[PDB]
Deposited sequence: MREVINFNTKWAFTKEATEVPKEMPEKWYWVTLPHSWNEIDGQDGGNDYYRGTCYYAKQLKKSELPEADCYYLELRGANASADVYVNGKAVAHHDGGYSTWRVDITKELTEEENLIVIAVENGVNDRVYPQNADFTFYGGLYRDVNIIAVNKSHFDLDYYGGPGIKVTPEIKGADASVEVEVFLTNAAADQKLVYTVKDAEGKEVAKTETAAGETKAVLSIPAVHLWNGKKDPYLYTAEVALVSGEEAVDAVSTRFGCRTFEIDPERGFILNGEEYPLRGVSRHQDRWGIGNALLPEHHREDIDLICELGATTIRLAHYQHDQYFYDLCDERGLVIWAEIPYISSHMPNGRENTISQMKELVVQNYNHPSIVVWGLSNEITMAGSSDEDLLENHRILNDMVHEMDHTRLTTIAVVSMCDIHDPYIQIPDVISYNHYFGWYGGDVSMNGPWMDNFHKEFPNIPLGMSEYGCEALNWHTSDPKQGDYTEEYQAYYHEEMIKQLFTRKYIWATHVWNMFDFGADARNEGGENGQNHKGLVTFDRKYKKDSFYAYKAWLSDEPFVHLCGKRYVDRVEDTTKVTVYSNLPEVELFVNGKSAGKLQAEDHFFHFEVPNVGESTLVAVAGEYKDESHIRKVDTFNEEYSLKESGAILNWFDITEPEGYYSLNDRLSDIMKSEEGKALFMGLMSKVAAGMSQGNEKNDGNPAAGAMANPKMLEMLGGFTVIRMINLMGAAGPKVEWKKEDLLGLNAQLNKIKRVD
């Protein structure tokens, strides 16, 4: 007899208030959640996006409410910190705007029209992470806000926004012994607890029944369909109801049965067999709506990834939407979750890291797609690992292991960090963020580098948590580093794939980023307030040529992509044309005539054709084909040009990305 009520519409908002209003405002701005006040100023550049305290005000009419014993206000996203006032009385406080938190307000609903006021703030302080990072801290209620109506004896809702249900299976041969642990609040020894494990087809495959004191119960599943990533993302269902002789409450959750390990030589191991983890990472925002994403947005993001064919996603730099974690469990994607413990180590940040990390594990413990909790991201950029930074990581690592005996801890190390740093020895596995080819250096430096680490620390699994190159609608026939051309980004990734995908000991690679994201301090390229290191544009409307270099290596969709379709005007008399394909052979036709056939085991077909007038190029591979257009010109079209040993200007735009 549990009920969740949406509470997203009719929310008065303002950034001008300097106090909680005693009466419901009348001349405030009307917003419906998800919402953020940085959806515009947090994507245009300048590092100017307003950061302060803003207020949401809405009225919870006691009448338009189902009759229950306890009423909880559920918030799933309040970046960064929030206070919840009811009838002008402070009722709750939370820090870190990426985790679910709730509050009991039954005793505070005295009047008929109770005024709920929520003050949100995304300002600066030494207490709450993130404070120094390369992504806009969109402020506001950018996720759902609910009201939960349950009985006085309900599954705990007051523990770090947890689900009140813990499911940890154990695979013994071809069977599984699933331990389901539920948590209660104000229970009675009388009422029973009925555990139920249902099939993916809603078929009851087992069941138990204990007492209010027996919050643990080991069910058994014979002939378990194991969760096997994309091969077979099977999912079971666990339901536990608190029964007098009728259900007074009931939590539920899906889970998956699988075993994994991260061999330092064989890479990722999924359910016994080798399962190379090669994928991307994504930020939780979209152009125009900040992070006020809708379920469709989560669905479109993960759909482009499944098309590209990634086997893993790095959901940095914080906790992501529950619906997206559920989508990964559905599609069988192996997932990396972490916390905003990024960049500089704030000694006063301890209290927050434990809380957020606690929230990340309690809330996402049942997702079979998660396998690693990240403790930090480039946390040594400020200085080096003094005692505090080291003790801070030890606490989180020990804490994570204490609550989860099924997953491994990891960290993402900044490029400059020496491999002998003390804190690289705390987590179970580690990964590096290397931009050889886009920051100082050459793309060829990545392969040897990863090798050098593997030599000094062969039993510490090494991975690539980050690597990428910027690319906009600039083009050139002479690709270089710093021209921001789509062409160069294709090369950079071409060689990156050849080096990383052929090294089995790199447990996971994660392109940075799948999509361009918002970072209001970035003044790079022609478009400011944006990081253009993605394979797909911020509006998710254009797939860059690099998108298809990865599809050729990870996708079963037979295809043929002619690169550089936006580079029509070309001055050279013999121009280079690149075709991507997961097919053995490709033939390119310039103006109907055949320019020759090409084989490329690396899937990177590099042709050369004559640049004569307006030509219509066509690339065939079996029954699959693609077409592009070129045109000979006298001089280079300036519409294509955007005009560590970086140039002065480039380095300034990069230095500005701090503040």
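Note: segments 244, 645-717, 734-757 of the deposited sequence have no C-alpha coordinates in the structure.
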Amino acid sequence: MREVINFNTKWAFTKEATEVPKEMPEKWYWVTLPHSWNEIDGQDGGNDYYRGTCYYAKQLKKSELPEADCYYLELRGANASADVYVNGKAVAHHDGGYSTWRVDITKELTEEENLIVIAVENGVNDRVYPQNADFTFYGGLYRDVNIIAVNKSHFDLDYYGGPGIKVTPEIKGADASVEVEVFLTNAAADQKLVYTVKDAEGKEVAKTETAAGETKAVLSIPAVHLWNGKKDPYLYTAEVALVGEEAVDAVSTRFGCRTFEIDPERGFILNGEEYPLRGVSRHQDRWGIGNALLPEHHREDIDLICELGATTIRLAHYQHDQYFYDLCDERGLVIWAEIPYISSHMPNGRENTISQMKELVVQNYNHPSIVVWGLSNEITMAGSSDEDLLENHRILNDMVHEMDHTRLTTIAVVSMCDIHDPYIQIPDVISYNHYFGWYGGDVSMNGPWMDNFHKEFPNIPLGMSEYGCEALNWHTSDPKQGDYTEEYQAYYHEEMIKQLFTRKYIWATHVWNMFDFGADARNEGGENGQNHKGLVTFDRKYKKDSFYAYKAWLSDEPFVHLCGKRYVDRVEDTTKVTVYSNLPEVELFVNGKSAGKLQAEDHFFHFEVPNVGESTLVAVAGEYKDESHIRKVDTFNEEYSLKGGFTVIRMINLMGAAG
From here on, numbers count along this sequence of modelled residues.
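Looking at 222-230 and 499-507 together, the entry lists the larger mean B-factor for 222-230, computed on C-alpha atoms. Annotation for 573-581 versus 336-344: the higher mean temperature factor (C-alpha) is found in 573-581. You'll see in the entry that, of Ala188, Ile430, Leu141, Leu293, the Cα B factor peaks at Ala188.
Of the residues listed, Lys216, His434, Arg299, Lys533, the entry assigns the biggest Cα temperature factor to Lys216. Among all modelled residues in this chain, the alpha-carbon of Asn6 has a temperature factor (C-alpha) in the middle third. For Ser369, the recorded CA temperature factor ranks within the middle third of the chain's modelled residues.
Per-chain ranking of the deposited C-alpha B factor places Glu307 in the middle third.
Residue-level temperature factors show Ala12 in the lowest third of its chain, judged at the C-alpha atom. When the CA B factors of the chain's modelled residues are split into thirds, the value for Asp263 lands in the middle one.
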